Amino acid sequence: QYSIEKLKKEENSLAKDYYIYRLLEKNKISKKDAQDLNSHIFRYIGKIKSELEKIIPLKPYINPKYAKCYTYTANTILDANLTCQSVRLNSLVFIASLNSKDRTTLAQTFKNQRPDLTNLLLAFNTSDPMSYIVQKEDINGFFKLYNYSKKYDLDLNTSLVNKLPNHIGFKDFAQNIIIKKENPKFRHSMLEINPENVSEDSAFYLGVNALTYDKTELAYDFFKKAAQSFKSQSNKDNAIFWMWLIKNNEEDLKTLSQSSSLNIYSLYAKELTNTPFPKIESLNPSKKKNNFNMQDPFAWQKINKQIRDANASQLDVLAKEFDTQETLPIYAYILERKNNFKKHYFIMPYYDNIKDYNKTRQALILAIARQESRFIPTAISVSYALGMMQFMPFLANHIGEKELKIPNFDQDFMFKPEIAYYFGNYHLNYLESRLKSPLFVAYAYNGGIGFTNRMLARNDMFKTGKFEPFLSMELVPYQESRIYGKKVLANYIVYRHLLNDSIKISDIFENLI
């Protein structure tokens, strides 16, 4: 637990940010220590930035070149030179602030050179700017308006919706309105997007959209485009699963059962076709240990950066070096990158700490750990979640001090495998007692039980239906949590298998309804 001067001598990393944040939260960073400090912060975002800015507020940053432009207001923009006029009109809030006569004047000024500005100016002279922009089929203006305000909703014709996918904003626009169930007219309108005009995630989400309107043929066509275009095999598999569920072509299921990717969809397809369970690599290092300190979070940040930046040649040197029981989590991390993610690694490190739990509980713990940290004891997330089981300091302190009354507890105890597994078991006990399914537990473990409970209270989530529970798994309102649940559920199936406590994934799916 280190002073501001020793930290300054360590490489910028999330571990160094974590420890600066600890000083800040305990008010041990003086205004003087704080002077040279944002050059010492690896990821200047969120809580460490709010805390640093309580000590030293942000003097920047408007660009020195256009300073004079930001001295004008709505009342004096007609006195600004034309470069300043056009800079200020980048903001739709600024445009909304102007009075209507100045919008007419500026619209004329800008018609030849910047008809984009003209269109937005005149749109804001109407009681519905979205309607005006949609009539112009101004695609850039459409996305600026959506980003300004989500409340605009309007039917879009075939011509317009087919132009939207060429804009970079399209993928997040489509996902957000589909997953959140907002903007119903936008959503309905996106039924008429030609599958030829989209690809990858956008195609996939348009297929999910089509399913919600019971347009099964359009959905198939979108999912087929997604399968054809997705880069990752895991995503391709997800799309091929939908192709199968909708049109029941047995070639699609066969292709899915033969995937090199281990995921819930390929696992399910293997089980439906009596295909044997995929091969799980066996890592059994004979060496006991090396000189690496698995408890030093700075040493991990260092070695992680090396592993990530290494050519095929030095990955071989690192592999051998970390081929020991004590560094097993690092070995497997290296092998995963060395074999270009083709092989399936499902290690079980520090197993003594869990061998006395029932096997189903072991598999849930191991599934969570694998996804959370790949079993790196000193893992730190961008939100400063800590250790193998990625506890936030709040929950770690509530369990360790308030509940378990551990003498001299510190949140950094989460970096100890014994503590991580122990706390994970305790917290998983609480979640499973309320939620039951390991999928629902996964969602609550990542996104909190609050959002999980709110999602499961809805009429349209994890109920009976043609395409359930698979459809519901695509409509989990936070992308991270949607993905986390899919991966953890695969991991859980695999660990149950490895521990000779197999369950059919088909039973897990039945239990979700």
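Definition used throughout: the rigid core is the maximal C-alpha set that superposes within 1.5 Å between two forms. Start at 1 and count along the sequence shown; that's the residue number.
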Output the stretch, either 453-461 or 58-66, that has more C-alpha displacement from this form in 8 other deposited structures of this protein following superposition by the rigid core. 58-66
Out of 309-317 and 275-283, which one drifts farther from the shown form in 8 other deposited structures of this protein in terms of CA positions, with the fit done on the rigid core? 309-317
As the entry reports it, the stretch among 399-407 and 421-429 with higher mean C-alpha B factor is 399-407
285-293 versus 232-240 - greater average Cα B-factor per the deposited record: 285-293
Listed options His167, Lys185, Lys338, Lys224: highest C-alpha B factor recorded at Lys338
Which is it among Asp155, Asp128, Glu321, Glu271: the one with the largest CA B-factor in the entry? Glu321
Among the chain's modelled residues, which third holds the C-alpha B-factor of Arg370? lowest
For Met455, the third of its chain into which the C-alpha B factor falls: middle
Ranked C-alpha temperature factor of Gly387 among modelled chain residues, by third: middle
Tertile call for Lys487 (CA temperature factor, within chain, third-based) is the lowest
What third of its chain's C-alpha B-factors does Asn90 belong to: lowest, middle or highest? middle
